[PDB]
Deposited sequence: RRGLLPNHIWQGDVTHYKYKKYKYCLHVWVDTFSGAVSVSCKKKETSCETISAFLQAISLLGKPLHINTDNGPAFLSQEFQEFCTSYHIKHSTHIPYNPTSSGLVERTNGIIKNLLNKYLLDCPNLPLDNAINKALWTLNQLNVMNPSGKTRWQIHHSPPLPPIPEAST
């Protein structure tokens, strides 16, 4: 939908069960480049939601538009007020759907290949593989290249 990088992002919080625990994967993907930020969180409150969002902005750049579901994360005042403070238009109107599946496929794989290493390690490996290793044909460019 986005015509350039950081025109329109999509965001979701999805659960990822691991070692008997359901983490909250905050996921931010750019709709033009496909570049992704992912944060693993214990909770889903406005602190973690804003913290996951800032981190995505840290890696990708500041977006103009963001689209999310009606999850409790993206309906809290704190988050809405955050977005209006820094001139980020936010609609609660799939790409994040597919992106979640890709991310989790890589997590499951990296945790299987290396069962003793932490979950943070597997998320870095998954992010780095998706953004900078996967060549998004036919352009030959990776998501990271197209974004920057």
property: Sequence ranges absent from the coordinates, based on the deposited chain and numbered from 1; result: 1, 95-102, 158-169
